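Before any comments, here is the structure.
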RNA sequence: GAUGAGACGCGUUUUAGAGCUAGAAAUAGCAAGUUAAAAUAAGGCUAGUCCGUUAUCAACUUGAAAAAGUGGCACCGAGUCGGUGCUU
DNA sequence: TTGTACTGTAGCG
DNA sequence: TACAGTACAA
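Residue numbers (the entry's author numbering): 3 to 256, 283 to 531, 539 to 714, 719 to 763, 926 to 1000, 1078 to 1366.
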């Protein structure tokens, strides 16, 4: 009557099995629908579900974010066009239209082919006068005469579109960029640090002595040569090296006294970077980025003509290969091909080594300066303030000439400078799953009127309530920051409570250790404890400490940070100010923009003010903690009256750890956790947590349990065995769904007992008693693993059977089911291919013909559709009937599901029989002659779908033949396995014949069969190890799935691809259930 | 560790940046090249500076959909399950 | 003009 | 690893 179900859940597989109380898997005659002759097939209640891995939403999030960025960039361009329209439309009637249709071929182009002027003479004059955009930018900055309005528009449109980063706040100044002033500040703070023997010095000429011309290690002698009173190994060399990112010997040169020197060295380093990002830097006043790129263009031109002359005169061989070929990573490949800067350097670098006199040019490669482009991967560090200043200079230079620039200077500057804040989110109207913003009005949001439309308080508060995460130990409670005061003091006390001294720590000792050392220094080591506390206070000469090895991993960074921003130390040591300080760290963790942070902290202005506020406004914290206030110093024990944290302060002689406070059942804390932890099936799965790779596994195993209950007359099991983010989720749902009855005195009736097991027990059961398994032979190991889970679980709850378990491990019929997916994702591969005459190119837009504009390729098929119809064939037309599959792609999926009939007559199929349209997803199973099974991978690709059910004794033979000397058991057992597997060595020559029969029956890969037979015969004499590993990889030939290229000793066998789905037109399609015990067999040969 | 927000720089694609000479030419020699526009999932309607690659999905009967319903047992054996016997 | 075989295709920090 | 591009059998 009663039965048990065993499960084994993985990321790609869910194994399931039914056992009785006699450890036997039942077999039942299952009814089969469809038009086939078969009405009932005998099936066993053991099998496994195979499925695709569940993906995280990350890639979707990146594509979403990028798509928003492109939309907003186009919107900025549209805003600038709207500003220009009223005047420039009088200047040039069709300028924006030409810039819009610049992409089109001339025959699609309604207006003239030249985008800017529309006349060839003025376009050539523009390109001669301004070969790059930077020349036009620099002229518009540096010219006082009346300029043409369209060129002004290209300048600001280039500047607004490609606007640079916002990693630096506020405005730029030479006080941060010019290295000399921060060097003066750094030497000033060093001198006030010691004042005995200072190196007093003026500013430094960093343009040679610290930037790329003598950067990194070279500055440690170049700058030292101007100040020989200090040295490269000295502390001045130390600060310069720290200003160059090196690791100097701080311990040899020498407390938070030196932290000022460290931070000033870091800001000096920042000054060198903002100097070196621009070539000209301080060498000229006008248009610094435009000037830098014009200089780069001039240097590129002269070095290019030098390089061409030198190649043409001294080594004319491969002159065409460099400058004409455009395929072998030459200069023509650098410009007209897809060769990077470093690839072009790497191509000509052995060349330049071979040629003579290249030294003056090769250093430009060694400095990465040679023939650089103006649009490069290195432009990512360009701040937006440079473009802002350039745009401001252009509008101030043309303010009086064009009045609408004077009326809209702040408008254009706001278009460039506006950033949607971290906390506002998307500017939706409720039609977004992600948006949380609250409007204070119902109108269009522009950057000019952003500050009077969004309710920043309500949007901010919603942002707090969404972004806050919730505690793993109690999911209803808000987490603290990882940089919270109580979080750091929690982990400091939790690390300190496991320290034992020999001459455990008591409460007063721990409190004094924290008050004299942890609340004084960032890093505390064992030597500091035994020297500054035990000898100083406890008067202990010799102390041995075993709790901590070298130093404490936890530290009070946040405490000393607050002690830095305000020096009112007793205020930090006051328990009344704890919640206020928690609110500040909650403020800086959540927000990154200065405005709303300023609004939140301004409430506390009546406690402290001025310099402390202006200082603390620059601090920011990142990350979030794993614990809540309501657990650390929250719930209280009934008998002791102490929390987690109160127990951490004092626990008598034996000190108890947070995990062991949870683990101990003698307190009410476990009860307090479990009574508060608890918080349609689709509605029930819609809220659960965990990684996507395992959530799929849980949902599919509960569905498998649903189908299994449906099979067995709705009778419940006696117990269900479950394998071990998911640590209670493994049981949670199935306890809730099986156990649905309760009484007034019994809180829950245990009709089904959910038994939890670890993989160590089942693996040890397998390793001890010769019931071995491998992954390469077949996917029967999942079902065998689950059935073994059921066996051991029932045996342990209860506590010829060995013959039964060996027979079940050697039963051939196991219901392997590959779950059938409609494919979802991007409908094509992302590389845009160039123009071609092929019709296979996918159009990138509705009006862009891919024969002229290129397009995408490799489309993805969501599912295939079997159609029977008449197709127009032949010059002398007649209507021939045909049955064939057609692959529906992801882009055509919706258009197919709106009206399948019209979509099929769009493709050439007429007189389509509508009722015989069958939907075939990926991994649709077809059966053919001699039991050959083929799996539909696409409309024009099949896959292997048959299992080689090799008897268990030979699988034992293969496992023992491998791992020949790495058992790590006992010598008697190891030598017994070796001699016992040597006594069966003829199993090798029988298993190769097993492979031959099964592959000749259902794989049909005869050339590959002869290849592996010849390679086996000519490698017969090699020993057990490497032979026994190569037969393991030959099961790739017989394994279900796509045909992969496996490899023998030396030869590599290419896969045999089944690129023909014509044979499944007459096969028997199997509609297999999630457990596969119910099937619907349709004989497609009777259709059409 | 799941999950979200805001940004930047590249890349790709088509076009614009007049190629010259010898040429019946299939072409040969030379010059030139660094930049810009437009798009970056086709598109969708509640038209938002929003959404569109995450999750979900055997077949049949009801139901717009949600969702519900849809398939006997015992024994002997085992090449992807077969056979024997009761039952409506 | 239609099927097969072999090799190459794939946008990130 | 599904699909593309080129190269042959009829």
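Beta carbons: idealized from backbone N, C-alpha and C, even for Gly.
From the DSSP output, in three-state form, read off residue 90 for me. The answer is helix: DSSP assigns residue 90 an H, G or I state.
Looking at residue 423 and residue 444, is the spacing between their C-beta atoms short of 7 angstroms? no
Between the stretch 558-571 and the stretch 584-591, do three or more beta carbon pairs fall short of 8 angstroms? Counting Cβ pairs under 8 angstroms, three or more are found: they touch.
Please state the DSSP three-state secondary structure of residue 133. coil
Opposing strand residues paired with residue 990 [DSSP bridges]: Bridge partners of residue 990: none, in fact.
Tell me residue 1165's beta-bridge partners as DSSP assigns them. 1142
Leaving out the 5 sequence neighbours to the left and right, which residues in its chain are closer than 7 angstroms to residue 1319 when beta-carbon positions are compared? The beta carbon of residue 1319 sits closer than 7 angstroms to the beta carbons of 1221, 1222 from its chain, once the five residues preceding and following it are set aside; these are given in chain order.
Could you tell me how far apart the beta carbons of residue 1344 and residue 1363 are, in whole angstroms, since I believe they sit closer than 8 angstroms? 4 angstroms
Under the three-state reduction of DSSP, which class applies to residue 731: helix, strand or coil? If DSSP states are grouped into helix, strand and coil, residue 731 belongs with the helices.
Helix, strand or coil at residue 67 according to DSSP, with G and I counted as helix: helix
Can you have a look at residue 594 and say buried or exposed, based on whether 16 or more other CB atoms are within 10 angstroms of its CB? buried
Kindly give me the distance between the Cβ atoms of residue 27 and residue 1232, rounded to whole angstroms, as I take these residues to be in contact under 8 angstroms. No, residue 27 and residue 1232 are not in contact; Cβ-Cβ is about 22 angstroms, not under 8 angstroms.
Please state the DSSP three-state secondary structure of residue 1174. Correct three-state label for residue 1174: helix.
Restricting to Cα atoms, I'd like to know which of 1209, 1278, 1337, 107 is closest to residue 1348. 1209
Might you give, ordered along the chain, the residues of its own chain that have their beta carbon closer than 8 angstroms to the beta carbon of residue 239, omitting 5 neighbours on each side? 222, 226, 232, 233, 250
Given 8 angstroms as the limit, is there contact between the stretch 658-669 and the stretch 500-511, that is, 3 or more CB pairs closer than that? yes
State yes or no: is the C-beta of residue 935 within less than 7 angstroms of the C-beta of residue 943? no
Would you kindly check if the distance between the Cβ of residue 49 and the Cβ of residue 1354 is under 7 angstroms? yes
Is the Cβ-Cβ distance between residue 30 and residue 42 less than 7 angstroms? no
Who are residue 316's beta bridge partners in DSSP? Per DSSP, none; premise fails for residue 316.
What whole-angstrom Cβ distance do residue 1147 and residue 1188 have, given they're in contact under 8 angstroms? 6 angstroms
Could you tell me whether any non-hydrogen atom of the ligand FAD is closer than 6 angstroms to the CB of residue 324? Although the ligand FAD was asked about, the structure shown includes no ligands whatsoever.
Measuring straight from C-alpha to C-alpha, what distance separates residue 362 and residue 344? 19 angstroms
In three-state DSSP terms, what is residue 473? coil
Buried versus exposed, by CB contacts within 10 Å (16 or more), residue 527: Counting Cβ neighbours within 10 Å, residue 527 comes out buried, since at least 16 surround it.
Less than 7 angstroms between the beta carbons of residue 293 and residue 246, yes or no? Result no, Cβ atoms of residue 293 and residue 246 do not sit closer than 7 angstroms.
Euclidean distance between Cα positions of residue 1337 and residue 1219: 5 angstroms
For residue 1122 and residue 102, what's the separation of their Cα atoms in angstroms? 16 angstroms
Can you name, in chain order, every residue of its own chain whose Cβ lies under 7 angstroms from the Cβ of residue 1313, other than the five neighbours on each side? 977, 978
So, under 8 angstroms CB-CB, residue 668 and residue 680 are touching, yes? Tell me the CB distance rounded to an integer number of Å. 5 angstroms
Using 7 angstroms as the threshold, is the C-beta distance between residue 575 and residue 531 below it? yes
Please classify residue 205 as buried or exposed, where buried requires at least 16 neighbouring CB atoms within 10 angstroms. With fewer than 16 neighbouring CB atoms inside 10 Å of its own CB, residue 205 falls in the exposed class.
Whether or not the stretch 742-752 and the stretch 693-711 are in contact is what I'm after, with contact meaning three or more pairs of Cβ atoms, one per stretch, closer than 8 angstroms; do they touch? In short, these stretches do not touch, since the Cβ pair count stays below three.
Count the other CB atoms, across all protein chains shown, that sit within 10 Å of the CB of residue 450; report buried if there are 16 or more and exposed otherwise. exposed
If we require 4 or more residues per run, which alpha helix (DSSP H) segments fall completely within the stretch 353-430? Within the stretch 353-430, the runs of alpha helix (DSSP H) that reach at least 4 residues and sit entirely inside it are, in chain order, 359-363, 369-382, 387-394, 412-425.
Buried or exposed for residue 499, going by 16 or more other Cβ atoms inside 10 Å? It counts as buried.
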